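Trainee: Please read through the structure below; I'll follow up with questions.
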Amino acid sequence: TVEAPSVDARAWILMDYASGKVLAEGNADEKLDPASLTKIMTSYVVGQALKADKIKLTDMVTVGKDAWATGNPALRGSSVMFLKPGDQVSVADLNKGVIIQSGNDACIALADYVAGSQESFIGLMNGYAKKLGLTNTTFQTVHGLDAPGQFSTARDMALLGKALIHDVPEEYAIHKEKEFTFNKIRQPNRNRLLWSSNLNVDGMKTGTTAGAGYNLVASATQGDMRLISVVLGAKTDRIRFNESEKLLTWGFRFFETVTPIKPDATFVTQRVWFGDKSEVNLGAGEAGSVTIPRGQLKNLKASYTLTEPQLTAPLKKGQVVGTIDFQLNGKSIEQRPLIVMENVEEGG
Ligand SMILES: *C(=O)[C@@H](NC(=O)[C@H](N)c1ccccc1)[C@@H]1N[C@@H](C(=O)O)C(C)(C)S1
């Protein structure tokens, strides 16, 4: 119980990447229009298309009139690559335009290429939003132009950040790039913390919300540890960055993340009744990391209970059959599902 810092913003969250532990939070479930932070999910979707080899970096995309000054009034004086209809631009360039420059026209040109239309692309964004448990998130645009019925929260942004990092790492990697050059002009990354001396920050996106102020979703690493911070509705650009750096620095200073039960590791083996095998391996799967105050590892204790007195087949990989309890000094700090690590079908 280290005292959480004061944060000079509307809402915030600080989350450990490996354990999911929420180290600090304020109004983290309050709904706000995510505006430019939407492009985190745009990039998630494009990243999935690339990872699935449905599109390739080298593919040449034809820019449509929906991607233009003239032919889309909604792009009017937003951040833009200055694409024109009939332009041919690589997926790689449009991708960097979304990620590094946050260009709204690039989002549209990519969305059309990936999904056929903005509308079908927004469908994919919301599909993933549901899949990732972003329970307070709905996207209504491919570019995050403020829009009716478009909402997210600090919590959901940190979960989405975590997913981008974990699920499409090649796409995440582009978020630390300080510049890229298109049409022979350098376009800088607006994430000032990429230049921070005091932290290794490698992502991920800035924005504003009408009526709330300046936002940042950031992530940083220090040794084995990665933290994700979200700061929403800071009053100034300076505060937006500073309060983020404060939270990240605080997390690494006072906490450590350890993984007592590795993924794939067997925590305990239990007899099974009526199965094709007489025993089954149980473990934590991906949920075996915990974040604790520094110096506490020596006092960390892992134990288990089973929900039923005896396991009976069939058992499936991932099935929950009890709870793993982590205790610090006799006191329980974390519980996780005890899961089946291997299939055991019914005998016979
Ligand atoms: C995303 O949220 C963007 N914000 C806007 O497009 C706003 N409509 C806007 C705010 C202030 C001035 C002009 C437009 C991008 N995020 C901003 C930021 O992080 O400060 C931006 C100005 C770089 S554009």
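Cβ atoms come from the backbone with ideal geometry, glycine included; neighbour counts cover every protein chain shown. The values are calculated or read from the model by the stated rules, or taken from the named source; nothing here is a laboratory result.
Rundown of residues vs (1) within 16 Å of the ligand (Cβ to nearest atom); (2) on the phi > 0 side of the Ramachandran plot; (3) part of a loop (DSSP other than H, G, I, E, B), yes/no style:
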{"residue": "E25", "(1), (2), (3)": "no, no, no"}
{"residue": "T38", "(1), (2), (3)": "yes, no, no"}
{"residue": "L83", "(1), (2), (3)": "no, no, yes"}
{"residue": "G86", "(1), (2), (3)": "no, yes, yes"}
{"residue": "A109", "(1), (2), (3)": "no, no, no"}
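Trainee: Being among the small types (G, A, S) and either within 17 Å of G275 (Cα to Cα) or part of a strand (DSSP E or B) (or both) is the filter here; which residues of region 319-345 pass it?
Mentor: Once the filter is applied, which keeps residues that are among the small types (G, A, S) and either within 17 Å of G275 (Cα to Cα) or part of a strand (DSSP E or B) (or both), region 319-345 yields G322, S332.
Trainee: Name the single residue, out of those in region 1-23 being away from the ligand (no atom under 16 Å from the Cβ) and over 18 Å from the mean Cα position of the chain (by Cα), that is surrounded by the fewest Cβ atoms within 10 Å (Cβ to Cβ).
Mentor: The extreme case among them is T1.
Results for (1) in the same structural domain as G103 (by CATH); (2) of a type in the set (S, T, N, Q); (3) within 23 Å of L248 (Cα to Cα), shown as yes or no for each residue.
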| residue | (1), (2), (3) |
| --- | --- |
| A4 | yes, no, yes |
| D8 | yes, no, yes |
| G20 | yes, no, yes |
| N27 | yes, yes, yes |
| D33 | yes, no, no |
| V46 | yes, no, no |
| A52 | yes, no, no |
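Trainee: Scan region 195-210 and tell me whether some residue there is among the small types (G, A, S), surrounded by fewer than 16 Cβ atoms within 10 Å (Cβ to Cβ) and within 16 Å of the ligand (Cβ to nearest atom).
Mentor: yes
Trainee: To continue, here is another question. Take the conditions touching a residue at least 60 places away in the same chain (Cβ under 8 Å), of a type in the set (K, R) and within 15 Å of the ligand (Cβ to nearest atom) and apply them to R238. Does it pass?
Mentor: No, not satisfied.
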